[PDB]
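**Student:** Let's see this in three dimensions:
(3 chains)
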Amino acid sequence: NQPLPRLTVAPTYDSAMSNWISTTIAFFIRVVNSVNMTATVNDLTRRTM
Amino acid sequence: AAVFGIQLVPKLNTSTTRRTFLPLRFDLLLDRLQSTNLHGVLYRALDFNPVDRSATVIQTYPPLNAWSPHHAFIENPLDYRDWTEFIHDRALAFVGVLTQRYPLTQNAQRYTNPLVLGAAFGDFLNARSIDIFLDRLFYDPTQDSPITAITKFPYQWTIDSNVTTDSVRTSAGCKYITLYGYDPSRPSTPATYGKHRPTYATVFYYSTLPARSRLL
Amino acid sequence: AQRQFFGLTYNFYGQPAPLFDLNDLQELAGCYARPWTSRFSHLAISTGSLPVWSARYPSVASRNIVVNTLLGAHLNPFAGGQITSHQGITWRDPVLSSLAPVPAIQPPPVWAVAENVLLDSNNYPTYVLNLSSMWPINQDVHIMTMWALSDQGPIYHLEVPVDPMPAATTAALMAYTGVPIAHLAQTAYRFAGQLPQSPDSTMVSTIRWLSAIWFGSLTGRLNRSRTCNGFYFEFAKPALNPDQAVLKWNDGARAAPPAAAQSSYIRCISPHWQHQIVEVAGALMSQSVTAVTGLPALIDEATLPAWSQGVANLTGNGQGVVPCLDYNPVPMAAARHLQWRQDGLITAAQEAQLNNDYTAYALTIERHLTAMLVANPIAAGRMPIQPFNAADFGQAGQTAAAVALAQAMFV
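**Tutor:** Residues are numbered from 1 along each chain as shown, chains lettered A, B, ... in the order given. Here you go, the structure:
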């Protein structure tokens, strides 16, 4: 938790929430570019993901 | 005697005096940072492999130990190669930012503030605006080291350095950063203690004892 | 907040066990409710509204004097470390929420009947670890230790910063004007008895200033004419029970601020205190302050009972001490009147009567305590009246000294 800000806010990419979305979305990007995935699932489609 | 599984030898022996806390002058801080090799001066590879310039873990000192990396640095860690390079760069490029706001020649004989200097440098690495920290990068030994952080300003917003009237909530340092290729698996790697992590602690600095009760 | 209090239990006046009946434990600390911040729920706007006469507790202060004894027998934790139990009774849990009959299969080690045991809010590592919750037990042991360190009247504390009343302290008081001394200690007590409040908190200054003004009034000085920042207490005209006190913001000459920090420990000295709802609500209130602020310093040793010497953390003798004065309601009021008489407040022939009026009053709250004293012995294992020997009543204690400590406190 952080103290309420009395200025102007702009979606920041720091913070547990934000980081949690960034590392986890970084994990499933690894699940998609992994051995298993890479051999089965098509190629160009796997890029789209 | 023995406490649980640990056995304690009879003789009691402790240091008998304490060195008066000495605050680093502004010039020394400037040389420590702008030295040929930062290794030893600032950071120090705990187990640097001779064969190849590789280090599993690196224990760090003062103006660096304060710093706590942002997510992008943890994920995809660097090798002891670009690590020395990263710092040998940023340590220098930081001295710039800080020295252009305080020309050394005129004000070098002024003690930097242990605390702010830490957050001011750690925030610089994470690439966060360092404007605010500079305002009070110094402090007269008479005013408490943690007091100048409050007296100068009760700024409760800057993430990782919330200064209230009596306390300064900052994220503990990281006495250990782990360069890519580190694993707590091997019994050989130096005991990092989890500090290789960014947020494992939360150092709350307090001004007075009543200020501390209110904290606890 | 504040995490450190040192207490001292009552003295089993030349008696065996703690002078409190089982009938008492279920009369104050009973009903299972937390016997803590209850001390005050036994006082009224005055005395004529309480069962404080011929009865189980024949005194406007006979309650606290009992609940205080009862607290001594159940505070072993702060003495040693464990909970213990005194006569089939021991706190239900580690938080000492309340008292209750010893379990049945896992009973606490029977307490050790010992008198005047010191206390350290440290000897009980759980206390501070919960602070917030059992906060009350602090302010209470404090109320205790301020009556225990004494034998004839509680020993509170007085102050007066060299500065003017803390604005939000002249605003907080101006909303307690008509209110009687009783309901003032009320808020005072009720306040510093729940949720650790920082000594910095507004209320502490206000309720600490309300204990400095009350004193100035009790010694003429801060009268209807010479007010503090605008306040002073007006006592009921003796002839219809002068044992009153109401805060009254006026607008007469403001008693100029003292030339320095004026600190001193003052305690009522004659038995009279035991029945004057104002000599208790006032003293009790001045203690509300100390409770949430540790203890100014060490209370002077000199004038004090025999069981209160060098009482670690409490009593003193050296430098960290503050001369402790003790006044007597009558020798007091007399001067309190003379003061009024000098400030033209009253006629020159009205003070030689005001005393008659009040002096006869004190002679009434005297043939009553003596009666209750020679009614509730003490060898009867109880102490609702607290022994005093028909003597202290006239005892012209410090008095003259505190009458001067009042002037320097409100120059």
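**Student:** from here on, contacts and neighbour counts on C-alpha atoms
**Tutor:** OK.
**Student:** Could you pull up the residues touching whichever residue of chain A sits closest to chain C?
**Tutor:** As assessed by Cα to the nearest Cα, chain C sits closest to residue A:3 within chain A, at 21.5 Å. By Cα atoms under 8 Å, 6 or more residues apart in numbering or on different chains, the contact set of residue A:3 is B:156-157.
**Student:** how close does it sit to residue B:183?
**Tutor:** Using Cα to Cα, to the nearest Å, we find residue A:3 at a distance of 36 Å from residue B:183.
**Student:** on that earlier part again, the residue of chain A closest to chain C: what secondary structure?
**Tutor:** Of the three states, residue A:3 takes coil under DSSP: H, G, I helix; E, B strand; the rest coil.
**Student:** Grab the nearest non-local neighbour of the spatially most central residue of chain B.
**Tutor:** Most central residue of chain B, judged by C-alpha distance to the mean C-alpha position with Cα atoms, centre = their mean, is residue B:66 at 2.2 Å. Of all residues not flanking residue B:66 in the chain, residue B:173 sits nearest, at 3.8 Å (Cα to Cα, 6 or more residues apart in numbering or on different chains).
**Student:** mind checking which helix or strand the one you found is in?
**Tutor:** Using DSSP states H and E, residue B:173 maps to neither a helix nor a strand.
**Student:** Now that it has come up, it's in contact with residue B:62, right?
**Tutor:** No: judged on Cα atoms under 8 Å, residue B:173 makes no contact with residue B:62 at a distance of 9.1 Å.
**Student:** neighbour-wise, which of those two wins?
**Tutor:** Legend: neighbour count by other Cα atoms under 10 Å in any protein chain shown for residue B:173 and residue B:62, higher for residue B:173 (28 against 17).
**Student:** And the helices in the stretch 301-411 of chain C?
**Tutor:** Taking DSSP state H, counting those that start in this stretch, the helices of the stretch 301-411 of chain C run over residues C:329-342, C:351-362, C:364-367, C:369-373, C:400-407.
**Student:** picking that back up, ok, so what distance separates the residue nearest to the centre of chain B from chain A?
**Tutor:** Separation of residue B:66 from chain A (Cα to the nearest Cα, to the nearest Å) stands at 18 Å.
**Student:** Can you name the residues that contact that residue?
**Tutor:** By Cα under 8 Å, 6+ apart, residue B:66 lies in contact with B:118-119, B:121-122, B:172-175.
**Student:** could you flag which of the residues you listed are buried?
**Tutor:** Among the contacts of residue B:66, those scoring as buried are B:118-119, B:121-122, B:172-175 (criterion: 16 or more other Cα atoms under 10 Å in any protein chain shown).
**Student:** which SS state does the residue most central in space within chain A fall under?
**Tutor:** Against the mean C-alpha coordinate of chain A, by Cα atoms, centre = their mean, the closest residue is residue A:25 at 2.5 Å. Three-state assignment for residue A:25 (three-state DSSP): helix.
**Student:** Taking the stretch 51-200 of chain C, what residue is nearest to chain A?
**Tutor:** Closest point on the stretch 51-200 of chain C to chain A, by Cα to the nearest Cα, is residue C:198, at 21.5 Å.
**Student:** what about the residue nearest to that residue when sequence neighbours are not counted, neighbour count?
**Tutor:** Leaving aside its chain neighbours, residue C:198 sits nearest to residue C:1 (4.0 Å; criterion: Cα to Cα, 6+ apart). Using other Cα under 10 Å, residue C:1 has 22 other residues around it.
**Student:** check contacts around residue C:1.
**Tutor:** Here residue C:1 is in contact with B:210, B:213-214, C:196-199 (Cα under 8 Å, 6+ apart).
**Student:** Can you tell me how far it is from residue C:135?
**Tutor:** Here the criterion is Cα to Cα. By it, residue C:1 lies 10 Å from residue C:135.
**Student:** cool, residue C:183 as well?
**Tutor:** Separation of residue C:183 from residue C:135 (Cα to Cα) stands at 22 Å.
**Student:** Look at these two and report which has more neighbours.
**Tutor:** Taking other Cα under 10 Å, residue C:183 and residue C:135 do not tie; residue C:135 has more neighbours (23 against 19).
**Student:** I'd guessed the more buried one sits against residue C:194; true?
**Tutor:** Yes: shown here, residue C:135 and residue C:194 form a contact pair, counting by Cα under 8 Å, at 6.0 Å.
**Student:** Three-state assignment for the residue lying farthest from the centre of chain A, please.
**Tutor:** Relative to the centre of chain A, the most outlying C-alpha is that of residue A:6, 29.3 Å out, by Cα atoms, centre = their mean. Following three-state DSSP, the label given to residue A:6 is coil.
**Student:** Phi, psi for it please.
**Tutor:** phi -100, psi 20 (degrees, to the nearest 10).
**Student:** Which helix or strand lies directly C-terminal to the helix or strand containing residue A:22?
**Tutor:** Per DSSP H and E: residue A:22 is located in helix A:16-32. Later in the chain than helix A:16-32, the nearest helix or strand by DSSP H and E is helix A:35-39.
**Student:** rewinding a little: next one: the residue nearest to residue B:66 from chain C, what distance?
**Tutor:** As judged by Cα to the nearest Cα, residue B:173 and chain C stand 27 Å apart.
**Student:** With residue C:42 as the reference, measure out to that residue.
**Tutor:** Counting by Cα to Cα, the gap from residue B:173 to residue C:42 is 55 Å.
**Student:** Same question for residue B:189.
**Tutor:** Per Cα to Cα, residue B:189 is found 69 Å from residue C:42.
**Student:** try residue C:12
**Tutor:** Taking Cα to Cα as the measure, residue C:12 falls 24 Å from residue C:42.
**Student:** These two: who's more crowded?
**Tutor:** More crowded of residue C:12 and residue C:42, by other Cα under 10 Å: residue C:12, with 19 against 15.
**Student:** what's that one in contact with, if anything?
**Tutor:** Residues in contact with residue C:12 (Cα under 8 Å, 6+ apart) are C:18-19, C:115-116.
**Student:** next one: residue C:233
**Tutor:** Residue C:233 neighbours (Cα under 8 Å, 6+ apart): C:213-214, C:217-218, C:222-224, C:245-248.
**Student:** Spell out which parts of chain A neighbour chain B.
**Tutor:** With Cα under 8 Å from any Cα of the partner chain as the criterion, chain A meets chain B at residues A:2-5, A:14, A:19, A:23.
**Student:** rerun at 7 Å
**Tutor:** Within chain A, the positions near chain B by Cα under 7 Å from any Cα of the partner chain are A:3, A:5, A:19.
**Student:** got those as JSON lines, with distance to residue A:36 columns?
**Tutor:** JSON lines is the format used below for those (distance: Cα to Cα, whole Å):
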{"residue": "A:3", "distance to residue A:36": "45"}
{"residue": "A:5", "distance to residue A:36": "46"}
{"residue": "A:19", "distance to residue A:36": "27"}
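**Student:** ok, back up a step: and of the helices of the stretch 301-411 of chain C, who's closest to chain B?
**Tutor:** Nearest of the helices of the stretch 301-411 of chain C to chain B, taken as Cα to the nearest Cα: helix C:400-407 at 30.2 Å.
**Student:** Packing partners of that closest one?
**Tutor:** With contacts defined as 3 or more Cα pairs under 7 Å, 6 or more residues apart in numbering or on different chains; DSSP states H and E, helix C:400-407 has these neighbours: strand C:324-327.
**Student:** change it to 10 Å
**Tutor:** Where contact means 3 or more Cα pairs under 10 Å, 6 or more residues apart in numbering or on different chains; DSSP states H and E, helix C:400-407 is packed against helix C:202-217, strand C:265-268, strand C:324-327, helix C:329-342.
**Student:** Now do the buried residues in that helix.
**Tutor:** By 16+ other Cα under 10 Å, the buried positions in helix C:400-407 come out as C:400, C:402-403, C:405-407.
**Student:** picking that back up, relative to chain A, which of the helices and strands packed on helix C:400-407 is closest?
**Tutor:** Nearest to chain A among the helices and strands packed on helix C:400-407 is helix C:202-217 (23.9 Å), distances taken as Cα to the nearest Cα.
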